[PDB]
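K.L.:
Residue numbers (UniProt numbering), protein chains in the order written: chain V, 297 to 492; chain E, 23 to 225; chain G, 706 to 735; chain X, 20 to 331; chain F, 100 to 137, 161 to 197; chain L, 100 to 137.
(1) Taking only runs that begin and end inside the stretch 108-132 of chain X, name each unbroken beta strand (DSSP E) of 3 or more residues, in chain order.
(2) With a cut-off of 8 angstroms, does the C-beta of residue 44 of chain E fall near any C-beta of chain V?
(3) According to DSSP, simplified to helix, strand and coil, what is residue 151 of chain X?
(4) Select from the stretch 237-267 of chain X all residues with a C-beta closer than 7 angstroms to any C-beta belonging to chain E, and list them in chain order.
(5) Taking only the alpha-carbon atoms, compute the straight-line gap between residue 97 of chain E and residue 109 of chain E and give it to the nearest angstrom.
(6) Let me check understanding here. Comparing Cα to Cα, which of X/134, X/73, X/207, X/79 lies closest to residue 118 of chain X?
(7) By Cβ distance below 8 angstroms, which residues in the same chain neighbour residue 28 of chain X in space, the five residues on each side in sequence not counted?
(8) What do you get for residue 109 of chain F, buried or exposed, if any count of 16 or more other CB atoms within 10 angstroms of its CB means buried?
(9) Could you check where the beta strand (DSSP E) with residue 179 of chain X kicks off and where it finishes?
(10) Taking C-beta to C-beta, are residue 184 of chain F and residue 437 of chain V nearer than 8 angstroms?
(11) For residue 119 of chain E and residue 101 of chain E, I'd like the C-alpha separation in whole angstroms.
(12) Mark residue 363 of chain V as exposed unless 16 or more other C-beta atoms lie within 10 angstroms of its C-beta, in which case mark it buried.
(13) What residues from the stretch 177-202 of chain E come within 8 angstroms of chain G, judged by C-beta to C-beta, listed N to C?
(14) Using the DSSP secondary-structure output, state which residues sit across from residue 13 of chain X in a beta bridge.
(15) With distance defined between alpha-carbon atoms, name the residue in X/81, X/107, X/103 nearest to residue 90 of chain X.
(16) Would you report the Cα separation of residue 300 of chain X and residue 241 of chain X, rounded to the nearest angstrom?
(17) Quick one: list the residues of chain L neighbouring residue 24 of chain E, beta-carbon separation under 7 angstroms, in chain order.
(18) Please return the same chain residues whose Cβ sits closer than 7 angstroms to the Cβ of residue 464 of chain V, not counting the five positions on each side in sequence.
(19) Output the boundary residues of the alpha helix (DSSP H) element that contains residue 109 of chain L.
(20) Would residue 337 of chain V pass as an interface residue toward chain F - the criterion being a Cβ-Cβ separation below 8 angstroms?
(21) Please list the residues of the stretch 406-439 of chain V that have a C-beta atom closer than 8 angstroms to any C-beta atom in chain F, keeping them in chain order.
(22) Taking only beta-carbon atoms, is residue 331 of chain V less than 8 angstroms away from chain F?
(23) Which residue's Cα is closest to the Cα of residue 172 of chain X: X/244, X/59, X/48, X/86?
(24) Does residue 136 of chain F have its Cβ less than 8 angstroms from a Cβ in chain E?
(25) Which residues bound the alpha helix (DSSP H) around residue 204 of chain E?
(26) Going straight from the alpha carbon of residue 170 of chain F to that of residue 350 of chain V, what length do you get?
(27) At a CB-CB cut-off below 9 angstroms, which residues of chain F make contact with residue 716 of chain G?
(28) Which bits of chain G does residue 207 of chain E rub up against, with CB to CB less than 7 angstroms?
(29) Would you mind telling me which residues of chain F sit closer than 7 angstroms to residue 124 of chain L, beta carbon to beta carbon, in chain order?
(30) Is there a C-beta anywhere in chain V that falls below 8 angstroms from the one on residue 169 of chain F?
(31) 8 angstroms is my cut-off, CB to CB: does residue 710 of chain G come that close to chain X?
(32) So residue 226 of chain X and residue 187 of chain X are in contact, right, with Cβ under 8 angstroms, and what is the actual spacing, rounded?
(33) For residue 731 of chain G, return the contacting residues in chain E, with the cut-off set at a CB-CB distance below 7 angstroms.
(34) Indicate the three-state DSSP secondary structure (helix, strand or coil) for residue 327 of chain V in the structure shown.
(35) Kindly list, in the order they appear in chain E, the residues whose Cβ is closer than 8 angstroms to that of residue 366 of chain V.
(36) Got a sec: is the Cβ-Cβ distance from residue 130 of chain L to anything in chain F below 8 angstroms?
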């Protein structure tokens, strides 16, 4: 279901629908550690990330799990859930004092990486599915969407623009340099790029 | 899924409580209240219905300042001194106060005299109404206590009735696991037949 | 209660299978 | 108003028309009817529901019908008697399909095989168990025991014949070996009836020692096969072959009693759950309705009692 | 009351994390009975022992060339 | 809020009773295995 890269570049971090996570060396192919998050059930882990300080990163899983991992001990270290439903994406900022999360139960929220508390919320009338999230290059903007696309300026926390040029749900999101471009794939059978 | 049945799971000790919460502590040490748990409740508008006036009054006590008080020195009414008697208005303001207090005292006397006729009756009547509220409230208190107790009864009568089935099925399950495993060893040992069948086939 | 009844019933059907074997086996030892 | 437990027309029904001691009674496995017989030689059929009208009455035995069982598909009734004969009665025709004229003395008990080919185990005062196959005049098996045999059943797989009698010990005959593979020893006096649990794991066996003993008849048992002992009922000087039967859920057991009371025991606790009055003589045979909580009891008093019980 | 309600639900939801792990671990233990037949991480901690606290030393400001709120409105 | 707090406190209390009970059962099942495989 998901994969993430160690900031040194040599090592691959991974998660799956089987309730397990696994971590391996890319440069030699050797697996280095693996654990069941909770064995005894096939449960959807559906995100994983690495955080470039070295640690204090986590996984999202089916029953609104958002567990940061005490990687030496194969147990949780911290958490940032904000949902009843599963969480499709997790992103840290460069300095790890902002994080954002969202889910298809209809809200997106900004997170105190430093103190394990809520800071700010994005909310909407329709509670539409949100399929992906991305900071900009810096963490001052955040694209939000699924059935439709919007972008927020996080430094002011205000909505800026609404985008409806897609004819179907979006499946993955990225931003370019200086927030000056946005890159998207969709169930409309095209890949579309937004910029100004 | 929480499935505790406290009238059947009676073994739960304070030492278990300390151990159980220590486990959740080692978890909640690693899992924190980041979610908005209150999305099922509205956010309170603490300033509902309030006027522009009442807002500033809330903000006074919110900042912890004392309320204003009426000055009551008008009943004592000090005479002016020699250096303020030149102000004619400041003398009239004393006399006009002394006239005002004369009527307050007159109305006070009329109130007190009427109060002497009827306070004893009206206070007695007030208590007789207040007594009724207390007994009727104690009636409601007693009635609701029994209803809470009845719910404990219906819980124990359910949990104990289920507790027998749990105890039978548990005792049945453990007895078959040991018996079935025993049979698995027997069916291995009876495959000594494969030994004798070979030796009898060579003969 | 529902889970225990499945656990019991799993052993109930396991027991019948093991004893159909044991009769078949002991009737071949004979 | 009061609680009800069945489609019976009343919580207790009294069925009248027999002319002699009712030795035997059984429900149809489909639950629609019940058949009863005894010293009056006629076999009476009764519906379980509505008026319980005596919709049919088979005749043909020249002797008392000592025991009477339905085949599992309910298409035939097996019956046996003091005319040295086992008979199989076709239900749709009401007619003697087969007459196993080969016993040499009174036939005390009969039990049809539960599944597969229909076989009829029978036990007799000639001392022999016999297994009769519908397709042959000659019996498949003759197991001569030395002393008169009063009760018989197959095991559930229909490949062991279990019998008891004057020697008090139950024999278990293994039909591929033609040997007694083991015996169940413990009754102090002659056995009067044997009945096989729905699952086939256990049998009960009633005896003139006034106990019912439950035995584990499974192929492997890790130790003693005696599971437990029930008591409360009584056998009088009439020495009737008081039967016994299983509840279709196995939680409960019954046995006939000479003390007029219809006894029910709980299988797990061995406590008496019912000791219903109402008969005026030996309750010779007792059975449970296969789908609904109804009790049959057949008396020496020529009365059949049907009634609800709370099978909690 | 809204502080305490959040904490109890949190403490309730935190306990459900423990129930979930042990219940499946009990289930796997009983399943055995029911069928019984006869190092860079440390350097990651080291790097975490600066970068989770160090990076103010270089991230002193947001970039000047980053899009303003009025500019991204033309996406 | 006080009603919801009351309900949350008992649900949390029941959850801690499960954590006790499942820990008792988990050790008992592990002792049953060590009674049969060794």
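Positions of the beta carbon are idealized from the N, C-alpha and C atoms, including for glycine.
P.N.:
On the basis of the coordinates in this document:
(1) 114-119, 126-131, all fully within the stretch 108-132 of chain X.
(2) Chain V contact via Cβ: absent.
(3) Note: residue 151 of chain X maps to strand in three-state DSSP.
(4) Residues of the stretch 237-267 of chain X with a C-beta less than 7 angstroms from any C-beta of chain E: 239, 241, listed in chain order.
(5) Looking at the two C-alpha atoms, the distance is approximately 21 angstroms.
(6) Checked all of X/134, X/73, X/207, X/79; the closest Cα to residue 118 of chain X is X/79.
(7) Cβ within range, chain order: 68, 69, 70, 71.
(8) With 16 or more other Cβ atoms within 10 Å, it is buried.
(9) In the DSSP assignment, residue 179 of chain X falls within the unbroken beta strand (DSSP E) covering 179-184.
(10) No, the pair does not count as a contact, with Cβ atoms beyond the cut-off.
(11) Counting only the Cα atoms, residue 101 of chain E lies some 11 angstroms from residue 119 of chain E.
(12) Counting C-beta atoms within 10 angstroms of its own C-beta, residue 363 of chain V has 16 or more neighbours from the protein chains shown and is therefore classed as buried.
(13) Within the stretch 177-202 of chain E, those residues whose Cβ lies closer than 8 angstroms to any Cβ of chain G are, in chain order, 184, 187, 188, 191, 192, 194, 195, 198, 199, 201, 202.
(14) Here chain X covers residues 20 to 331 and nothing more, so residue 13 of chain X does not appear.
(15) Relative to the Cα of residue 90 of chain X, the nearest Cα in the group X/81, X/107, X/103 belongs to X/107.
(16) So the two alpha carbons sit approximately 42 angstroms from each other.
(17) For the C-beta of residue 24 of chain E, the chain L residues within less than 7 angstroms are, from N- to C-terminus, 110, 113, 114, 117.
(18) 482, 483, 484.
(19) According to the DSSP assignment, residue 109 of chain L belongs to the alpha helix (DSSP H) that extends over 101-133.
(20) Interface residue (Cβ-Cβ distance to chain F less than 8 angstroms): residue 337 of chain V is classified as such.
(21) Identification of residues in the stretch 406-439 of chain V having a C-beta nearer than 8 angstroms to some C-beta of chain F yields 432, 433, 434, 436, 437, given in sequence order.
(22) Not an interface residue.
(23) When each option's Cα is compared against that of residue 172 of chain X, the closest is X/86.
(24) Answer yes: the Cβ-Cβ gap between residue 136 of chain F and chain E drops below 8 angstroms somewhere.
(25) It spans 110-211 - the alpha helix (DSSP H) in which residue 204 of chain E sits, taken as one unbroken run.
(26) Those two C-alpha atoms are separated by around 5 angstroms.
(27) Within 9 angstroms Cβ-Cβ: 133.
(28) The contact set of residue 207 of chain E on chain G, defined by CB atoms closer than 7 angstroms, is empty, because the minimum CB distance reaches about 11 angstroms.
(29) Neighbours of residue 124 of chain L across chain F, judged by C-beta separation under 7 angstroms: 125.
(30) So yes, residue 169 of chain F belongs to the interface.
(31) Not one beta carbon of chain X lies nearer than 8 angstroms to the beta carbon of residue 710 of chain G.
(32) So it is a contact: roughly 7 angstroms between Cβ atoms.
(33) Within 7 angstroms of the CB of residue 731 of chain G, the CB atoms of chain E belong to 212, in sequence order along the chain.
(34) In the structure shown, residue 327 of chain V sits in a strand (DSSP, three-state: E or B).
(35) Here the neighbours are 52.
(36) The Cβ of residue 130 of chain L sits no closer than 8 angstroms to any Cβ of chain F.
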